[PDB]
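> Okay, here's the structure, questions in a sec.
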Amino acid sequence: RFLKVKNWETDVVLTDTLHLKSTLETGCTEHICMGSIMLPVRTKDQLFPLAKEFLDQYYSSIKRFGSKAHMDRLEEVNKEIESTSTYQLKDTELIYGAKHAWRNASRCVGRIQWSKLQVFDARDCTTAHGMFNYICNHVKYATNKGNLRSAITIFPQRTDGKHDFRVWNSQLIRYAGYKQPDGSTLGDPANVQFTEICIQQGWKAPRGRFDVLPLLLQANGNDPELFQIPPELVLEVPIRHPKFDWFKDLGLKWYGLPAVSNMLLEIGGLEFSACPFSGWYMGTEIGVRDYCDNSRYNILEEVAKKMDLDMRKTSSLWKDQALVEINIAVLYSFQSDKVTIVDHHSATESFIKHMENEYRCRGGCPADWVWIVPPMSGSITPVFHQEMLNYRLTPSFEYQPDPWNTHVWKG
Amino acid sequence: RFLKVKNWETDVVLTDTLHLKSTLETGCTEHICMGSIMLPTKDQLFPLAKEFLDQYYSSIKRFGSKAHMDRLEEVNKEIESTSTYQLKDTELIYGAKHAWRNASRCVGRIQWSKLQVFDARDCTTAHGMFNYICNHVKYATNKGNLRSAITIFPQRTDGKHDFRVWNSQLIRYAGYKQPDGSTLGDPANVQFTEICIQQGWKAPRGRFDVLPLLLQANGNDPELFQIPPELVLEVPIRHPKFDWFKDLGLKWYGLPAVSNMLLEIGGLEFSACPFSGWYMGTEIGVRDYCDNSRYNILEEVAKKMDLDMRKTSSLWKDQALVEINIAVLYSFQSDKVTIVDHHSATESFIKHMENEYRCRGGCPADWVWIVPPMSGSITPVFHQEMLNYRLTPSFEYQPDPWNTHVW
Ligand code: HEM
Ligand code: HEM
Ligand SMILES: CNCCN(C)c1cc(F)cc(CCc2cc(C)cc(N)n2)c1
Ligand SMILES: CNCCN(C)c1cc(F)cc(CCc2cc(C)cc(N)n2)c1
Ligand SMILES: C[C@H](O)[C@H](O)[C@H]1CNc2nc(N)[nH]c(=O)c2N1
Ligand SMILES: C[C@H](O)[C@H](O)[C@H]1CNc2nc(N)[nH]c(=O)c2N1
Ligand SMILES: [Zn+2]
């Protein structure tokens with residue numbers, strides 16, 4: 001069965017056959033749509049189909065489907081599962097897997113870049129100090145003095161679920177938040193809980209508005225340990241505005257390297273619970289969400305006040321006005337310092353091109369509209385007008401519980 | 001199967017029980033979400049009637065009463081007999097208000113119960129439809145102090161005698177192709193406009209000509225009527241800061257009034273049920289004015305503002321967008337024509353959603369449509385999880401009549 005999607009701005013219709021390869025479920029039924037819900041130990045049994053299906057895809061992509069090399073590899077993984085109950089990926093398969101999990105990531109607007117991903121294999125890693133070393137090398141390599149490069153670092157896979165590698169940080173670089181006794185928050189409210197764990201674990205917190213958090217690293221199911229990323233490895237951009245000279249006096253900066261460290265990468269049924277990956281920012285992630293969400297830095301009022309907008313009624317659009325100026329400021333600061341960044345016009349347009357190309361070459365492109373459409377100026381971007389089909393392909397990135405919720409402490 | 005929704009901005013969690021009364025299907029399955037797709041006999045009729053009368057008599061606390069039973073009884077008699085049935089006024093009104101209450105794409109539902117319902121089931125000809133429509137327009141406009149209304153024409157019978165308003169809205173601007181190959185007026189109406197020309201409208205060929213109504217009674221061929229111009233309240237668009245704004249020559253109409261939808265109540269279908277409320281400013285300033293396939297004035301505005309249009313990354317589009325939208329709200333406000341901004345309207349929808357959770361056990365909502373087309377994440381609805389599902393009574397899409405009308 002074929003499925004059509006239409007662009008209501010251009011009238012282009014595409015046809016999706018790829019959804020036919022979909023495995024995991026959506027959360028939706030014929031009776032309820034769960035499309036705006038934020039979040040909607042494995043045996044030998046389930047594992048062989050999952051391996052087989054992955055290796056069939058791998059071998060197709062390399063035009064070697066059904067070859068002797070293909071059959072020997074199935075054969076080999078098969079024996080390895082039965083006798084050891086898991087199996088090891090070849091390097092080539094890990095690389096292909098990691099790229100595909102990004103390619104398959106339906107909430108990711110930046111997927112046009114999926115095939116240029118630097119894969120760092122850290123499956124020989126055994127300790128938290130070794131993890132720190134790997135993560136430093138990833139940061140320096142991805143940062144590349146501002147000319148950002150996509151990378152991912154892959155730590156050993158889950159075995160019995162009692163020996164998991166985890167990066168406790170949600171991103172490798174992120175600012176501390178501190179709840180004050182008066183109930184206000186200093187720094188980033190989104191990281192208060194994690195900041196507190198760090199403090200409990202022994203971090204001496206500077207207690208400023210922009211303190212880079214220590215890495216908190218768990219190897220092999222052991223208690224996690226703290227490490228401070230060398231500051232010279234943390235590229236930051238002071239935020240100023242091309243026309244408003246008081247803008248710099250707001251005291252804003254952000255880091256250059258967006259690097260998600262809390263997701264789980266699934267490849268042929270194997271689970272990589274620590275697999276930090278990084279790209280570069282779209283400007284609105286910082287300018288709209290990080291700065292202007294109410295539950296984040298929330299600078300809208302102070303910006304609008306300095307701009308002396310009429311703030312007595314919402315229908316002045318003072319919020320919307322301050323919002324644009326802040327986003328101009330973020331993109332200007334990053335460009336001026338030569339740190340890679342993309343605005344939401346350029347990103348979404350590239351994404352529409354990527355998506356059409358995917359339909360032509362691949363039979364589809366799973367996409368989550370709720371997430372792809374940017375958080376300002378929705379309908380003046382070509383994705384707002386694009387119908388999308390959301391389904392789940394593997395390899396994939398998945399959510400996993402926060403480790404402080406599940407970790408069995410040793411002491 | 002008892003479902004939670006969370007607001008990620010405020011941590012408020014609501015439990016939804018109402019979805020377990022979902023009738024119709026979503027287009028979604030466990031394998032594929034179709035959340036972003038624009039459009040995904042005697043036997044049938046009696047359950048539909050019963051399910052409807054059950055909620056009605058429940059709403060007035062006479063569930064299981066003699067009057068409830070008698071009524072189910074009577075409607076049963078009438079279906080077996082006449083193969084259809086007729087709503088009591090009281091049912092009709094409850095039905096219409098509930099179709100709006102159930103509209104998962106409508107951000108404006110906090111108003112749902114203050115809807116003035118005009119019963120036009122006695123209407124028989126197109127002139128009659130024109131009269132009813134003019135009264136609806138004048139009533140809802142109310143010299144700028146707008147009031148919600150719907151006017152309900154007779155229900156479908158054998159589908160050969162449908163009433164339909166051919167216009168998509170009661171009030172819209174015409175659309176014409178040039179030798180130029182560009183488009184004069186509103187490109188979204190080019191086709192309807194030529195049906196008007198080809199049915200005989202003398203078009204003035206301007207940028208903002210209010211189209212005529214094309215009314216179809218009892219399955220006959222539709223007829224043209226012009227709305228008395230004095231009933232069409234329009235607003236010249238100026239900016240409170242930019243004096244040149246006014247010379248763009250923009251105006252819009254005060255009355256948003258959708259006329260192409262099918263209203264379904266207890267199985268019965270009202271194929272002509274024009275309804276109206278008042279605009280949220282982004283509809284005109286973001287969609288009408290800035291969509292590429294609409295009036296698409298972003299470029300001209302940014303030019304007048306002398307923004308750097310060299311690089312997408314100056315955000316000149318975003319800048320001109322805010323200004324266009326400030327000007328819509330300002331103009332409507334200045335002329336005292338009811339309008340709501342996206343901040344105000346979404347904040348009110350969150351309040352409604354909470355009332356519905358508390359008093360009804362849920363509120364079907366379509367996030368894709370509820371979040372405004374600008375400044376999404378600065379409105380509280382962006383951070384609100386919504387469950388989308390289909391309750392009846394409902395408004396439904398229906399095929400454009402020119403594709404269906406045997407002339
Ligand atoms: C190259 C630059 C990239 C850009 C501009 C980009 C853009 C984005 C943005 C804006 C989001 C939504 C973020 C949010 O609002 O929370 C996102 C989601 C995501 N991206 Fe990217 N992305 C990039 C690279 C990558 C890379 C390298 C990967 C993995 C290798 C990746 C995988 C994902 C995934 C898995 C999600 C969804 C996360 C979830 O479900 O929460 N992206 N992308
Ligand atoms: C009081 C002012 C109202 C406001 C501000 C309002 C707001 C909106 C908006 C912004 C939309 C989406 C429209 C679009 O983007 O094309 C919408 C959809 C809708 N509203 Fe309203 N609404 C109002 C009154 C009404 C009334 C009176 C009814 C019916 C009695 C109604 C039923 C609907 C329906 C059925 C839809 C979605 C139709 C579709 O699937 O396209 N609304 N509402
Ligand atoms: C609940 N979701 C919030 C945290 N999270 C799990 C997350 C995951 C991503 F893959 C991506 C992001 C966004 C950060 C990011 C990550 C990358 C790799 C590129 C880019 N431009 N931005 C967040
Ligand atoms: C692409 N959209 C499909 C067009 N369409 C059928 C439509 C239906 C509505 F209920 C409402 C609207 C929007 C117009 C409107 C209608 C009403 C009644 C109030 C209001 N503020 N705005 C369109
Ligand atoms: C409730 C809702 O799904 C949630 O706010 C989503 C909406 N869309 C999003 N889109 C992006 N890219 N990132 C987000 O965090 C969210 N949050
Ligand atoms: C493809 C997508 O479903 C389509 O563009 C939708 C998006 N959200 C919308 N939201 C509203 N309120 N009105 C619309 O016309 C649309 N269009
Ligand atoms: Zn869905």
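Simple scheme: letters A, B, ... for chains in structure tokens order, numbers from 1 for residues in each chain, numbers from 1 for ligands in the order shown.
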For residue 351 (chain B), please output as a list in words all residues within 12 Å (counting only C-alpha atoms; exclusion window: fewer than 2 positions along the same chain).
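Counting only C-alpha atoms, the residues come to residues 12, 107, 108, 109, 110, 111, 344, 345, 346, 347, 348, 349, 353, 354, 355, 356, 357, 358, 363, 380, 381 and 384 of chain B.
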> Keeping only C-alpha atoms, take the residues you just selected and write them out as a PDB file, in the first residue's frame.

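Ended up saving to again.pdb:
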ATOM      1  CA  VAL B  12      -0.242  20.412  35.233  1.00  0.00           C
ATOM      2  CA  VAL B 107      -8.876  27.255  19.538  1.00  0.00           C
ATOM      3  CA  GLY B 108     -11.925  29.425  20.156  1.00  0.00           C
ATOM      4  CA  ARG B 109     -14.083  26.853  21.862  1.00  0.00           C
ATOM      5  CA  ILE B 110     -14.241  28.595  25.253  1.00  0.00           C
ATOM      6  CA  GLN B 111     -17.236  30.391  23.628  1.00  0.00           C
ATOM      7  CA  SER B 344      -5.062  36.016  24.476  1.00  0.00           C
ATOM      8  CA  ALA B 345      -6.871  33.264  22.529  1.00  0.00           C
ATOM      9  CA  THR B 346      -4.453  30.453  23.419  1.00  0.00           C
ATOM     10  CA  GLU B 347      -4.391  31.431  27.059  1.00  0.00           C
ATOM     11  CA  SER B 348      -8.200  31.289  26.999  1.00  0.00           C
ATOM     12  CA  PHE B 349      -8.128  27.837  25.280  1.00  0.00           C
ATOM     13  CA  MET B 353      -9.223  22.811  28.245  1.00  0.00           C
ATOM     14  CA  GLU B 354      -8.949  22.755  32.036  1.00  0.00           C
ATOM     15  CA  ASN B 355     -12.710  23.403  32.432  1.00  0.00           C
ATOM     16  CA  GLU B 356     -13.497  20.560  29.979  1.00  0.00           C
ATOM     17  CA  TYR B 357     -11.084  18.177  31.705  1.00  0.00           C
ATOM     18  CA  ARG B 358     -12.719  18.933  35.023  1.00  0.00           C
ATOM     19  CA  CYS B 363     -11.270  17.985  25.385  1.00  0.00           C
ATOM     20  CA  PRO B 380       1.033  28.239  26.306  1.00  0.00           C
ATOM     21  CA  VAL B 381      -0.665  25.755  23.879  1.00  0.00           C
ATOM     22  CA  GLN B 384       0.433  21.437  26.151  1.00  0.00           C
TER      23      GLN B 384
END
> Considering only C-alpha atoms and all ligand atoms, tabulate each residue of chain A that lies at most 6 Å from ligand 6 along with its nearest interatomic pair and the corresponding distance in Å to one decimal; arrange the rows by chain and ascending residue number and present them as JSON lines.

{"residue": "A:384", "atom": "CA", "partner": "ligand 6", "partner_atom_place_in_ligand_line": "5 (O)", "distance": 4.9}
{"residue": "A:385", "atom": "CA", "partner": "ligand 6", "partner_atom_place_in_ligand_line": "5 (O)", "distance": 3.5}
{"residue": "A:386", "atom": "CA", "partner": "ligand 6", "partner_atom_place_in_ligand_line": "1 (C)", "distance": 4.3}
{"residue": "A:387", "atom": "CA", "partner": "ligand 6", "partner_atom_place_in_ligand_line": "1 (C)", "distance": 3.8}
> Using only C-alpha atoms and all ligand atoms, determine which residues fall within 8 Å of ligand 3, then list them as a list in words.
residues 38, 39, 108, 110, 150, 170, 171, 258, 259, 260, 261, 262, 263, 277, 278, 279, 280, 281, 282, 285, 397 and 399 of chain A
> List every residue of chain B that has an atom at most 8 Å from any atom of ligand 4, giving for each one its closest atom pair and the distance in Å to one decimal, counting only C-alpha atoms and all ligand atoms, sorted by chain and then by ascending residue number, as CSV.

residue,atom,partner,partner_atom_place_in_ligand_line,distance
B:38,CA,ligand 4,1 (C),7.6
B:106,CA,ligand 4,10 (F),7.2
B:108,CA,ligand 4,21 (N),7.2
B:148,CA,ligand 4,18 (C),7.8
B:168,CA,ligand 4,6 (C),6.8
B:169,CA,ligand 4,14 (C),7.7
B:256,CA,ligand 4,16 (C),4.8
B:257,CA,ligand 4,18 (C),5.0
B:258,CA,ligand 4,16 (C),5.3
B:259,CA,ligand 4,6 (C),7.8
B:260,CA,ligand 4,6 (C),6.3
B:261,CA,ligand 4,6 (C),6.3
B:275,CA,ligand 4,18 (C),5.5
B:276,CA,ligand 4,18 (C),3.9
B:277,CA,ligand 4,18 (C),4.6
B:278,CA,ligand 4,21 (N),4.8
B:279,CA,ligand 4,21 (N),3.7
B:280,CA,ligand 4,21 (N),5.3
B:283,CA,ligand 4,22 (N),7.1
B:395,CA,ligand 4,10 (F),7.9
B:397,CA,ligand 4,6 (C),6.8
> Put those residues in a file: C-alpha atoms, as a tab-separated table (two decimals), in the first residue's frame.

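Generated file (result_32.tsv):
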chain	number	residue	atom	x	y	z
B	38	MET	CA	-5.16	18.14	6.24
B	106	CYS	CA	-10.89	25.15	17.09
B	108	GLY	CA	-11.93	29.42	20.16
B	148	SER	CA	-21.29	33.86	17.27
B	168	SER	CA	-16.21	28.38	1.26
B	169	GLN	CA	-16.80	31.45	3.50
B	256	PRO	CA	-15.14	35.06	9.54
B	257	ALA	CA	-18.00	32.76	8.41
B	258	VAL	CA	-17.33	29.25	7.19
B	259	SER	CA	-19.93	27.97	4.86
B	260	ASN	CA	-18.70	24.75	3.27
B	261	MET	CA	-18.85	22.30	6.13
B	275	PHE	CA	-21.33	29.57	10.99
B	276	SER	CA	-19.35	32.56	12.19
B	277	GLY	CA	-17.50	33.98	15.18
B	278	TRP	CA	-14.64	36.53	15.11
B	279	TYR	CA	-11.03	36.44	13.97
B	280	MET	CA	-7.83	35.65	15.83
B	283	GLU	CA	-5.49	34.25	10.56
B	395	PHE	CA	-18.53	19.50	11.68
B	397	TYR	CA	-15.55	18.31	5.44
> Let's see if you can do this: from backbone DSSP, list all alpha helix (DSSP H) residues in region 129-172 of chain B, as a list in words.
residues 129, 130, 131, 132, 133, 134, 135, 136, 137, 138, 139, 140 and 141 of chain B
> Taking only C-alpha atoms into account, report as a PyMOL selection string which residues of chain A lie within 6 Å of chain B.
chain A and resi 9+25-26+28-37+295+315+343+375-379+387-391
> For the residues selected in the previous step, produce a file with N, CA and C atoms as a compact mmCIF listing (two decimals), in the first residue's frame.

# COMPACT_ATOMS: atom_id res chain seq x y z
N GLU A 9 1.32 24.47 -0.12
CA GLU A 9 1.85 25.70 -0.67
C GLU A 9 2.24 25.51 -2.14
N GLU A 25 5.84 0.77 17.41
CA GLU A 25 4.51 1.39 17.34
C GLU A 25 4.56 2.90 17.49
N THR A 26 3.45 3.60 17.22
CA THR A 26 3.43 5.09 17.32
C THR A 26 2.86 5.62 18.63
N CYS A 28 -0.41 5.89 18.55
CA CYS A 28 -1.75 6.27 18.04
C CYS A 28 -2.53 5.03 17.80
N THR A 29 -3.84 5.17 17.76
CA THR A 29 -4.74 4.12 17.26
C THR A 29 -5.74 4.73 16.24
N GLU A 30 -6.64 3.90 15.71
CA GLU A 30 -7.73 4.42 14.85
C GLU A 30 -8.64 5.35 15.63
N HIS A 31 -8.56 5.29 16.96
CA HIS A 31 -9.48 6.03 17.83
C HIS A 31 -8.94 7.25 18.57
N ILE A 32 -7.62 7.34 18.63
CA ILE A 32 -6.95 8.45 19.28
C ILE A 32 -5.61 8.76 18.61
N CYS A 33 -5.30 10.06 18.46
CA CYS A 33 -4.02 10.45 17.92
C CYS A 33 -3.16 11.00 19.03
N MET A 34 -1.96 10.47 19.10
CA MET A 34 -1.05 10.81 20.20
C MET A 34 0.12 11.61 19.68
N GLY A 35 -0.11 12.20 18.50
CA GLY A 35 0.96 12.88 17.78
C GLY A 35 1.62 14.05 18.51
N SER A 36 0.95 14.60 19.53
CA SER A 36 1.59 15.70 20.35
C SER A 36 2.01 15.29 21.76
N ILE A 37 1.95 13.99 22.06
CA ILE A 37 2.49 13.50 23.33
C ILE A 37 4.04 13.46 23.25
N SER A 295 9.91 28.50 31.35
CA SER A 295 10.56 27.61 32.31
C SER A 295 12.07 27.48 32.07
N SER A 315 -1.63 42.44 22.92
CA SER A 315 -1.95 42.66 21.53
C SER A 315 -1.07 43.75 20.90
N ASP A 343 19.88 29.26 10.50
CA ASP A 343 18.59 29.89 10.83
C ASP A 343 17.50 28.96 10.39
N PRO A 375 9.60 26.81 16.37
CA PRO A 375 8.83 27.38 17.50
C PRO A 375 8.54 28.89 17.41
N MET A 376 9.12 29.57 16.41
CA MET A 376 8.60 30.86 15.91
C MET A 376 8.34 30.81 14.38
N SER A 377 7.45 31.68 13.91
CA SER A 377 7.28 31.93 12.49
C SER A 377 6.92 30.69 11.75
N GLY A 378 6.18 29.79 12.43
CA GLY A 378 5.81 28.56 11.80
C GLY A 378 5.46 28.61 10.31
N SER A 379 4.38 29.32 9.95
CA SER A 379 3.87 29.18 8.58
C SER A 379 4.64 30.00 7.50
N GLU A 387 2.58 18.26 4.54
CA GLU A 387 2.08 17.04 5.20
C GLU A 387 3.24 16.02 5.37
N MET A 388 3.25 15.32 6.51
CA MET A 388 4.31 14.38 6.88
C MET A 388 3.66 13.12 7.47
N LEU A 389 4.35 12.01 7.33
CA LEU A 389 3.92 10.75 7.84
C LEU A 389 4.96 10.37 8.86
N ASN A 390 4.48 10.04 10.05
CA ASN A 390 5.36 9.75 11.14
C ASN A 390 5.24 8.26 11.41
N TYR A 391 6.37 7.56 11.29
CA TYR A 391 6.43 6.18 11.67
C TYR A 391 7.84 5.87 12.10
> Within 10 Å of residue 325 (chain A), counting only C-alpha atoms, which residues qualify if same-chain residues fewer than 2 places away don't, as a PyMOL selection string?
(chain A and resi 241-244+247+287+303-304+307+320-323+327-330) or (chain B and resi 314-315+318-319)
> Need the shell around residue 305 (chain A): protein/DNA/RNA residues with any atom at most 12 Å away, counting only C-alpha atoms. Skip same-chain ones fewer than 4 positions apart. Format as an MDAnalysis selection string?
chainID A and resid 246:247 250 299:301 309:312 318:319 321:322
> Using N, CA and C atoms, can you export the residues from the last selection as a CSV table (one decimal), in the first residue's frame?

chain,number,residue,atom,x,y,z
A,246,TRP,N,22.8,47.9,23.9
A,246,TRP,CA,22.6,47.5,25.3
A,246,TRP,C,22.4,45.9,25.4
A,247,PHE,N,22.3,45.3,24.2
A,247,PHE,CA,22.0,43.9,24.2
A,247,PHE,C,23.1,43.1,24.9
A,250,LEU,N,23.0,42.6,28.6
A,250,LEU,CA,22.1,41.6,29.2
A,250,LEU,C,23.0,40.5,29.8
A,299,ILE,N,13.9,35.6,29.1
A,299,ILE,CA,14.4,36.9,29.1
A,299,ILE,C,13.5,37.9,28.4
A,300,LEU,N,12.3,37.4,27.9
A,300,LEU,CA,11.4,38.2,27.1
A,300,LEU,C,11.1,39.6,27.8
A,301,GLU,N,10.8,39.6,29.1
A,301,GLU,CA,10.3,40.8,29.7
A,301,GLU,C,11.5,41.9,29.7
A,309,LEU,N,9.0,48.6,24.6
A,309,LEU,CA,7.8,48.3,23.8
A,309,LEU,C,6.6,48.6,24.7
A,310,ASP,N,5.4,48.6,24.1
A,310,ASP,CA,4.2,48.8,25.0
A,310,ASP,C,4.0,47.4,25.6
A,311,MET,N,4.1,47.2,26.9
A,311,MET,CA,4.0,45.9,27.6
A,311,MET,C,2.7,45.8,28.4
A,312,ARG,N,1.9,46.9,28.3
A,312,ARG,CA,0.6,46.8,29.0
A,312,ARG,C,-0.4,45.9,28.4
A,318,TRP,N,4.3,42.7,21.9
A,318,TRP,CA,5.6,43.0,22.4
A,318,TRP,C,6.4,41.7,22.6
A,319,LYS,N,5.8,40.6,23.0
A,319,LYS,CA,6.5,39.4,23.1
A,319,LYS,C,7.1,39.0,21.8
A,321,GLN,N,7.7,40.8,19.2
A,321,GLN,CA,8.8,41.7,18.8
A,321,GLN,C,10.2,41.4,19.4
A,322,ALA,N,10.2,41.4,20.8
A,322,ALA,CA,11.4,41.0,21.5
A,322,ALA,C,11.9,39.7,21.0
> Considering only C-alpha atoms, return as an MDAnalysis selection string whatever protein or nucleic-acid residues lie within 7 Å of residue 157 (chain A), sequence-local ones (same chain, fewer than 6 positions apart) excluded.
chainID A and resid 270:273
> Include N, CA, C and O atoms and write out the residues we just selected as a PDB file, in the first residue's frame.

ATOM      1  N   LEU A 270      20.611  -4.535  19.315  1.00  0.00           N
ATOM      2  CA  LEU A 270      21.562  -4.189  20.391  1.00  0.00           C
ATOM      3  C   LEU A 270      21.297  -2.768  20.880  1.00  0.00           C
ATOM      4  O   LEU A 270      20.856  -1.910  20.125  1.00  0.00           O
ATOM      5  N   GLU A 271      21.517  -2.574  22.171  1.00  0.00           N
ATOM      6  CA  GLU A 271      21.202  -1.340  22.835  1.00  0.00           C
ATOM      7  C   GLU A 271      22.455  -0.638  23.342  1.00  0.00           C
ATOM      8  O   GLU A 271      23.164  -1.175  24.236  1.00  0.00           O
ATOM      9  N   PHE A 272      22.727   0.536  22.764  1.00  0.00           N
ATOM     10  CA  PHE A 272      23.882   1.361  23.134  1.00  0.00           C
ATOM     11  C   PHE A 272      23.349   2.461  23.994  1.00  0.00           C
ATOM     12  O   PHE A 272      22.844   3.428  23.485  1.00  0.00           O
ATOM     13  N   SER A 273      23.406   2.265  25.306  1.00  0.00           N
ATOM     14  CA  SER A 273      22.818   3.203  26.296  1.00  0.00           C
ATOM     15  C   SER A 273      23.633   4.509  26.506  1.00  0.00           C
ATOM     16  O   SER A 273      23.184   5.432  27.180  1.00  0.00           O
TER      17      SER A 273
END
> What's the 10 Å shell around residue 93 (chain B), counting only C-alpha atoms, without same-chain residues fewer than 2 positions away, as JSON, numbers by chain?
{"B": [87, 88, 89, 90, 91, 95, 96, 97, 98, 99, 113, 115, 116, 117, 118, 119, 150, 152]}
> Counting only C-alpha atoms and all ligand atoms, figure out which residue out of A:352, A:286, A:380, A:215 gets nearest to ligand 5.
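Of A:352, A:286, A:380, A:215, the one nearest ligand 5, counting only C-alpha atoms and all ligand atoms, is A:286.
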> Can you tell me, as a PyMOL selection string, which residues in region 146-270 of chain A count as strand (DSSP E) by DSSP?
chain A and resi 151-154+166-167+177-179+185-187+215-218+225-227+236-238+253-255+259-260+264-267+270
> Using only C-alpha atoms and all ligand atoms for the distances, tell me which of A:393, A:126, A:98, A:239 is nearest to ligand 1.
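Distance minimum relative to ligand 1 lands on A:98.
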> Give me the residues near region 221-227 of chain A as a CSV table (one decimal) with N, CA, C and O atoms, in the first residue's frame, where near means some atom within 8 Å (using only C-alpha atoms) and where sequence neighbours in that chain fewer than 3 positions away do not count.

chain,number,residue,atom,x,y,z
A,128,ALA,N,35.2,5.1,33.6
A,128,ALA,CA,34.6,6.4,33.5
A,128,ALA,C,35.7,7.4,33.2
A,128,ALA,O,35.4,8.4,32.4
A,132,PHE,N,35.6,9.8,29.9
A,132,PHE,CA,36.0,11.2,29.9
A,132,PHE,C,36.9,11.5,28.8
A,132,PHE,O,36.8,12.4,28.0
A,162,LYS,N,22.7,-4.7,33.9
A,162,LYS,CA,23.3,-4.4,35.1
A,162,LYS,C,24.6,-3.8,35.0
A,162,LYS,O,25.3,-3.4,35.9
A,163,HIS,N,25.1,-3.6,33.7
A,163,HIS,CA,26.4,-3.1,33.5
A,163,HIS,C,26.5,-2.0,32.5
A,163,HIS,O,27.4,-1.9,31.8
A,164,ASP,N,25.4,-1.2,32.5
A,164,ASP,CA,25.2,-0.2,31.5
A,164,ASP,C,26.3,0.9,31.5
A,164,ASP,O,26.7,1.3,32.6
A,165,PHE,N,26.7,1.4,30.4
A,165,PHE,CA,27.4,2.6,30.3
A,165,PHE,C,26.3,3.7,30.2
A,165,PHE,O,25.3,3.5,29.4
A,168,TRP,N,25.4,10.5,32.5
A,168,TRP,CA,24.3,11.1,33.3
A,168,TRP,C,23.8,12.5,32.8
A,168,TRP,O,22.7,12.8,33.0
A,198,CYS,N,25.0,16.6,40.9
A,198,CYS,CA,26.4,17.0,40.8
A,198,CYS,C,27.0,17.5,42.0
A,198,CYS,O,28.1,17.0,42.5
A,201,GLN,N,27.2,14.7,44.6
A,201,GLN,CA,28.4,13.9,44.2
A,201,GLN,C,29.7,14.6,44.5
A,201,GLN,O,30.8,14.0,44.3
A,202,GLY,N,29.7,15.9,44.8
A,202,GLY,CA,31.0,16.6,45.2
A,202,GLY,C,31.5,17.8,44.3
A,202,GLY,O,32.5,18.4,44.6
A,203,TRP,N,30.8,18.1,43.2
A,203,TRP,CA,31.0,19.3,42.5
A,203,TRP,C,31.0,20.6,43.3
A,203,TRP,O,30.0,20.8,44.0
A,214,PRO,N,29.8,19.8,35.2
A,214,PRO,CA,30.8,18.7,35.1
A,214,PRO,C,30.2,17.5,34.4
A,214,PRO,O,28.9,17.5,34.4
A,215,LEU,N,30.9,16.7,33.8
A,215,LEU,CA,30.4,15.4,33.2
A,215,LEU,C,30.2,14.4,34.3
A,215,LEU,O,31.0,14.5,35.3
A,216,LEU,N,29.2,13.6,34.3
A,216,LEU,CA,28.9,12.7,35.3
A,216,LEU,C,28.8,11.3,34.6
A,216,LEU,O,27.8,11.1,33.9
A,217,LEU,N,29.8,10.5,34.8
A,217,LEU,CA,29.9,9.3,33.9
A,217,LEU,C,29.9,7.9,34.6
A,217,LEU,O,30.6,7.7,35.7
A,218,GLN,N,29.2,7.0,34.0
A,218,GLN,CA,28.9,5.7,34.6
A,218,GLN,C,29.5,4.7,33.6
A,218,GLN,O,29.0,4.6,32.4
A,409,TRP,N,22.9,1.8,43.5
A,409,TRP,CA,24.1,2.4,44.0
A,409,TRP,C,25.0,1.3,44.6
A,409,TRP,O,24.4,0.5,45.3
A,410,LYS,N,26.3,1.4,44.4
A,410,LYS,CA,27.3,0.5,45.1
A,410,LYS,C,27.7,1.1,46.4
A,410,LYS,O,27.9,0.4,47.4
A,411,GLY,N,28.0,2.5,46.5
A,411,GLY,CA,28.5,3.2,47.7
A,411,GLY,C,30.0,3.5,47.6
A,411,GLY,O,30.4,4.4,48.4
> Considering only C-alpha atoms and all ligand atoms, can you say which of A:127, A:396, A:406, A:106 comes closest to ligand 5?
A:106
> For residue 153 (chain B), which residue out of B:73, B:269, B:230, B:194 is the nearest one, using only C-alpha atoms?
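Using only C-alpha atoms, residue 153 (chain B) sits closest to B:269.
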> Using CA of residue 371 (chain A) and CA of residue 111 (chain A) as the two end points, give the distance in Å to one decimal.
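Those two atoms sit 13.0 Å apart.
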